[PDB]
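Visitor: My sequence and its experimental structure, below.
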Amino acid sequence: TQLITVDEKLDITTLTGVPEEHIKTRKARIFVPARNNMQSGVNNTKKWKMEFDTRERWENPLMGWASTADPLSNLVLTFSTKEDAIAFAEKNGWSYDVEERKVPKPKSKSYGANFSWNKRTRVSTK
Amino acid sequence: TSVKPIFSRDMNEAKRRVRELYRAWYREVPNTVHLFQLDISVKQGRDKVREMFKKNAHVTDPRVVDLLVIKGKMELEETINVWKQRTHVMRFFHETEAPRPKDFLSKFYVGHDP
Amino acid sequence: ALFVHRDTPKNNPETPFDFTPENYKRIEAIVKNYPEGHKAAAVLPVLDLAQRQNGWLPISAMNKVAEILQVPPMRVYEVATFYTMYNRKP
Amino acid sequence: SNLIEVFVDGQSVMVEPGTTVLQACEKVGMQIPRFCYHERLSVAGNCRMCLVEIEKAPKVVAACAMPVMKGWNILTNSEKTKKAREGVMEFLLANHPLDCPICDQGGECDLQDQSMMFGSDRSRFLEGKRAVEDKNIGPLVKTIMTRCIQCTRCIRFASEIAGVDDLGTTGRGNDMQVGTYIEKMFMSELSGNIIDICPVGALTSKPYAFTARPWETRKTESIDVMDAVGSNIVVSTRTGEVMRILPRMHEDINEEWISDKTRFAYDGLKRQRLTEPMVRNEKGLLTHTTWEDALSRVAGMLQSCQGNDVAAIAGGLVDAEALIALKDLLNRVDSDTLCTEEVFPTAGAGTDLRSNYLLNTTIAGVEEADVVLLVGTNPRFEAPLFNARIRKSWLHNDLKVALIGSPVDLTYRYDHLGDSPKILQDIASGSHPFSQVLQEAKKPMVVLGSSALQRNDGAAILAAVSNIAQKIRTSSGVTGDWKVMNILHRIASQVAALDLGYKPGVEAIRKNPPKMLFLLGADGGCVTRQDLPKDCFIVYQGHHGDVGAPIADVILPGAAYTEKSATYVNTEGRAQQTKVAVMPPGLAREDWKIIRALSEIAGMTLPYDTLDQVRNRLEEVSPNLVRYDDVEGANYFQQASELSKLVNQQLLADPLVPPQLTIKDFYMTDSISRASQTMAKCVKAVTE
Amino acid sequence: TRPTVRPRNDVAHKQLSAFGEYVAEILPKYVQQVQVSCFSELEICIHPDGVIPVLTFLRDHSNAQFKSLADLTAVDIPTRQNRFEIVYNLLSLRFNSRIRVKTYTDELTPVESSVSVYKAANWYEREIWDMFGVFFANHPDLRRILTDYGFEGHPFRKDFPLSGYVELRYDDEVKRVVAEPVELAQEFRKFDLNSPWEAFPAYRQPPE
Amino acid sequence: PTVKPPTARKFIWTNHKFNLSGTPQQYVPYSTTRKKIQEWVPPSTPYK
Amino acid sequence: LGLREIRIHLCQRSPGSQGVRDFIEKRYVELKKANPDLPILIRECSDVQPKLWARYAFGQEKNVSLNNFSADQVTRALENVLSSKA
Amino acid sequence: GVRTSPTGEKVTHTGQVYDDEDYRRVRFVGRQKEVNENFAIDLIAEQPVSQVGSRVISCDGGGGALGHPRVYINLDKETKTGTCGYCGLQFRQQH
Ligand code: SF4
Ligand code: SF4
Ligand code: FES
Ligand SMILES: [K+]
Ligand SMILES: [Zn+2]
């Protein structure tokens, strides 16, 4: 045989050493990051990301630095699909929420439309 | 759904290993309080043993509780052999940590955390 | 030699410019050479007509050509700074 | 299908006829480099960075402009495509200034990034570079025109989307410059978006100037609350401080643009802030105190109240969580008097059916319409990207727009019908010329402004507009999927407050005045202490001390929209959620946390502890408040219209004047914008 | 492409491709992929049931003689359902060559310990227990090797934070070094560095 | 520096100082930025 | 002490909401004319089951599942709500 | 160009000074607040404006490779001088 059947839901929260405060109070966010509108490139909108809810950052009394108490503050996980991220969030007991991938819709472009006979889509300058 | 086991075929052998591990910790605790010269009692250390076992009592997967028995035996092996110091044994007892606010109201008073 | 306008007292949007009425009849003849709906095509002759009356183009001739042809003023400033004949200094 | 087959590097792809080369390469996941191409602007073709080899053709083609012919093999990575890209990048960088350290675009520069990815590693330009005179186009856009690469996205945005026609090119050749040619100030409601699409640092943000840098910023995705459009934004922070607000692309809302209030009112989010709880002392002054003292002094008054003794005014920026928190808290004292500042008429169906207070078509449905009728609104400033979508439908679909109201500038041409509301009866009776225009149309769209509903005859105006919409829809050739009746809102808290069953307007408070009044961010000045009895216990809960906080007895410092995860519903019914970007300053807290802690002090503890349980309650009152980025269809226009025919409210003789006529009145509407120094510079710039 | 480009070694590429075919056809029971990189390194991606049959073969076959275990590694790739990638690096001193034997596991599936093939692995996969939580069955003394004795979690997992969850300080009250939930006076500043433009079109993945 | 003197600048210290640690003339660190969030100052007049 | 609001949740397209839909197309209007100062909030949603929330004095809420009901059954449940007033 | 708050504390070239009711002045009690007294905004304003006969000038900060990257400053505006974005040296077209 050398194989057993486990029909249970996969849960490894007792094995990952994570304190319970950072399991049952954190909200994982599964999302494709939006394209930076400073730029036209789309190579950052290719993958799924799991981030967490941001916690308190306060002013260090000595230097004014951003002191934190959140260990999961810098934790960004990268996934190829949505279902991989959902399986990884459910595997670790993180309550998550999922945004859908927003693609730009197919535009209808025409350089000749800049110079129409009767339509408003004429350019007045070029 | 057909996975490879670690030690236990199902939950019965797994609970047997859990039960032997609890026996070994219960036997070890007075020696731990003696040779580390802890400032706790044997009743208190055995209550911490029972707390660490009953924390993981909700698990229904044989492989997960196999790995929990493996890691508990590693903790016990590091305690019987004097590999931990007194500090590592007393990290189970969060003595210097202030008590956290448990209700809604005092968590509202002290900060932003849910 | 510059392509930005700075308001001087002799070149400002209140420098007096207006076409003569015979120049308005000439502008009507210019606008009738183009299809209805493309009155903007008469920017280059009428603006040159504004140079043939005044000798050069203050920025009220540009504004008058923009106003009587109902085009934006920037669309006249582009024509006045693109073409080397429009004298933007006297 | 009539799809033609083309090849990108040998990979077959089936494209619609008219598709450009760049879009055909986009369909296989390749991104051709570009500087002047933008998918929401017209095709320019004047940077030549997108030049790509079609094989068996001895000339590269501008992929942004060239349509694919059937059978082309687009060589996106052949040798002469790469030589074209390096040559064009060499000419772009020949006269470009060595400003990359002192430039705000550094790190997020298209020119830097595709110089790294597609151009040479070094220079052959042994000459002197040109230097362009800077321009002054306002307090929002810093202008350093030496960095300009003449891509004309300025001009195509200002002409085609903002509809302004003030930017242009003067000169000729290498001396050609971008600007207004005069000292003219480019102040649109969409003027800051030219900061976004400028690929170089020639146009930068003057408020954001020099403060941060893109790699060190954290990007929280969130929702605008400055209007009821519900623009998706990126709040970019750095070390716990909000640095700037960028747009997120959402095709159905704000395509990738935001308004200038959305972009620049974030510096009002750090002035005038309520950080600590305040109570009145023995001398009548607001003094700082603890949360225990403030919540005890509010709960001791709330326990003495019952019935109509306690009321509530919700403000313009309040999330739905605090709305249902305060509703359940006042329902425990048996008080239904929970009101909004913005009046919606409760005549007929009222807020019962969702259809008679939504933008029922969509923001996207404006692209499907062919006649848009606007009544009593100035949608340019009340909802600037709803107006931007109207202008896009105007420009591309040949949309016919009409307006009933004052002849405002909407950045396009409309058929001004007149400012009298009696025209709403002349179209409904069919004696008006535009009535047949509405009848013969196939996708008509009648939008009523919610600012016109602030008039005393708002029920009569809503009845007339619904009468027109049901005259069209039930008689003419409207299919039934198409929604005609639409209401445009201006307040982010309004639609979530109407879905939760508040009573819109403060008629329920002026009728019987309470001895205790809650103000969730109520800074509209609607109900002052001249309206209340002698000693009303006014509790202000909010994030700014603007209007309602100087008259309060106890102040409860709340979270702003960047400081809490918070459900807001736009004018089309789409529920959305912000995320936490920074935390509230000082002892300030999240709003429903404050209301729930008050309910635990008052001994009427609400049945929720965390945000998910608040949202379970929020689903219990209306389950569309937990279905995010989802417009739910609202039926039953017939039944709301049959209820609207009952009471015959009389139309007044006052003409429809929106409260916002010029750009002067655009920049300050709420407590965040009035506390902004950037908005003050905008107002001072447009008034002079 | 003479001065600045790395010169391609075609002879070693051909020889490693041929030996990869050799291993793939001697051991079809376990070998899943065979690949050779452009810088001429051979990867043999196998099924985890064949850790002992493959690695003994490469240790003992007269045309392999990979008598040296250079390195043993795990790689955590969380988007894979078998998120841990166990990487063996072998050296043949006889044939002057290196091979890479890659396999997979998740948190709950034990890998068979390769201490019976290479004793070198005795600490290495022990490190893989300490850093990743990959269990190795029939290991002689499997325990932690690098983390502190009371350490909870496995640090080189990628869902594990850069700082831990606890930090130590000396406490004068209990006269003891104590562990407390971690607070940093300056948070580690996350830098989003990735350019939005594609760098390597040879590695472009096909779209959905 | 008797042969090759250093390049004179007006901002260079004319008086060199040794290691001042452990003295009242020592460096004490502080944040050099101003205040981020402004607080709402309530009105000093009564409200009735 | 008395009823305060009525909430009717329903789908637009699910068949289980069908009678609830048939309750609103015919019998809502003369309902609303009979109770002009009572908020009867109709909330359509995507895939919800039909439901009738009654809120009474002091925040008490009763809950009646209107799933798969005919319009007469919806009418009888709603008039039980209007006549009970607990 | 240093000045002093009413608490007796020096105000930096940034403008940082603690409030009177701020406790964090206790770190300078028995010690000193270290400020730099050569304010760069006052030192660059002492530099005389360079009169040049060209329309565009180049500036590298002086020293060639020891300065900043060489930029090109336009001088068409006679209302305003043209300032180096790195070094702050300002220029005027003498015509
Ligand atoms: S626009 Fe880009 S390339 Fe030009 S100076 Fe700024 S960062 Fe450098
Ligand atoms: S300023 Fe920017 S957007 Fe405008 S033309 Fe120049 S490079 Fe293009
Ligand atoms: S992108 Fe096609 S030429 Fe500018
Ligand atoms: K820019
Ligand atoms: Zn310089």
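Guide: That came through, no problem. Numbering: from 1, shown residues only, chains lettered A, B, ... in the order given. Ligands and ions are numbered 1, 2, ... in the order given.

Visitor: mind listing what residue D:568 touches?
Guide: By Cβ atoms under 8 Å, 6 or more residues apart in numbering or on different chains, residue D:568 lies in contact with D:223, D:225, D:230, D:319-320, D:492-493, D:496, D:561, D:575-578. Any C-beta I mention is one placed from the backbone N, CA and C, and that applies to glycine too.

Visitor: no no, residue D:461
Guide: Applying Cβ under 8 Å, 6+ apart, the residues contacting residue D:461 are D:375, D:376, D:421, D:424, D:448, D:452, D:453, D:455, D:651.

Visitor: ok, now with 7 Å
Guide: Residue D:461 makes contact with D:376, D:421, D:424, D:452, D:453, D:455, D:651, according to Cβ atoms under 7 Å, 6 or more residues apart in numbering or on different chains.

Visitor: residue ranges of the helices in chain H, please?
Guide: Assigned by DSSP state H, chain H shows helices spanning H:40-43.

Visitor: Going by residue numbers, what spans are strands in it?
Guide: H:3-4, H:10-11, H:50-52, H:56-59, H:71-74, H:82-83, H:90-93 (DSSP state E).

Visitor: how close does the residue nearest to residue D:341 when sequence neighbours are not counted get to residue D:262?
Guide: Spatially, and ignoring its direct neighbours in sequence, residue D:341 is nearest to residue D:524 (4.0 Å; Cβ to Cβ, 6 or more residues apart in numbering or on different chains). Counting by Cβ to Cβ, to the nearest Å, the gap from residue D:524 to residue D:262 is 20 Å.

Visitor: who has more neighbours, these two?
Guide: Relative neighbour count places residue D:262 above the other of residue D:524 and residue D:262, with 25 against 21, counting by other Cβ atoms under 10 Å in any protein chain shown.

Visitor: Wait, the more buried one touches residue D:226, no?
Guide: Yes. At 5.0 Å, residue D:262 counts as touching residue D:226 under the criterion of Cβ atoms under 7 Å.

Visitor: quick one on the thing from earlier: in strands only, show me the contacts of residue D:461.
Guide: Among the contacts of residue D:461, no member lies in strands (by DSSP E).

Visitor: Filter the residues you listed down to the ones in helices?
Guide: If you go by DSSP H, the contacts of residue D:461 have residue D:424 in helices.

Visitor: Show me which of the contacts of residue D:461 is closest to residue A:73.
Guide: residue D:453 (45.0 Å; Cβ to Cβ).

Visitor: Correct me if wrong: the closest one contacts residue D:343.
Guide: Yes. With contacts counted by Cβ under 7 Å, residue D:453 reaches residue D:343, the gap being 6.0 Å.

Visitor: More neighbours: which of those two?
Guide: Using other Cβ under 10 Å as the criterion, residue D:453 and residue D:343 rank with residue D:453 on top: 24 against 20.

Visitor: show me the contacts for the more buried one.
Guide: Contacts of residue D:453 (Cβ under 7 Å, 6+ apart): D:343, D:344, D:345, D:461, D:462.

Visitor: which secondary structure element contains residue D:56?
Guide: Under DSSP states H and E, no helix or strand contains residue D:56.

Visitor: Specify the beta-bridge partners of the closest residue to it other than its chain neighbours.
Guide: With sequence-adjacent residues excluded and distances taken as Cβ to Cβ, 6+ apart, residue D:56 is closest to residue D:73, at 7.9 Å. Per DSSP bridges, residues listed as beta-bridge partners of residue D:73: residue D:7.

Visitor: give me the number of residues near residue D:73?
Guide: By the measure other Cβ under 10 Å, the count of residues near residue D:73 is 17.

Visitor: Then residue E:117?
Guide: When neighbours are counted by other Cβ under 10 Å, residue E:117 comes out with 23.

Visitor: Excluding covalently adjacent residues, which one is nearest to it?
Guide: residue E:55 (4.6 Å).

Visitor: packing partners for the longest helix seen in chain A?
Guide: As assigned by DSSP H, the longest helix anywhere in chain A is helix A:82-91. Other helices and strands packing on helix A:82-91, by 3 or more Cβ pairs under 7 Å, 6 or more residues apart in numbering or on different chains; DSSP states H and E, are strand A:27-31, strand A:48-51, strand A:95-98.

Visitor: buried sites along that helix?
Guide: With burial defined by 16 or more other Cβ atoms under 10 Å in any protein chain shown, the residues of helix A:82-91 counted as buried are A:82, A:84, A:85, A:86, A:87, A:88, A:89, A:91.

Visitor: ditto for stretch G:44-61
Guide: G:44, G:45, G:48, G:49, G:50, G:51, G:52, G:53, G:54, G:55, G:56, G:59.

Visitor: Hmm, the fifth one is touching residue G:67, no?
Guide: If I follow you right, that is residue G:50. Yes. Residue G:50 lies in contact with residue G:67 (Cβ under 7 Å); the separation is 5.2 Å.

Visitor: Run through the strands of the chain in chain order.
Guide: Since you didn't name a chain, this refers to chain A. A:4-5, A:27-31, A:48-51, A:57-59, A:66-68, A:77-79, A:95-98.

Visitor: Sorry, I should have been clearer: chain E.
Guide: Going by DSSP E, chain E shows strands at E:31-36, E:42-46, E:68-76, E:84-92, E:97-105, E:111-112, E:136-137, E:166-171, E:176-181.

Visitor: All set, thanks.
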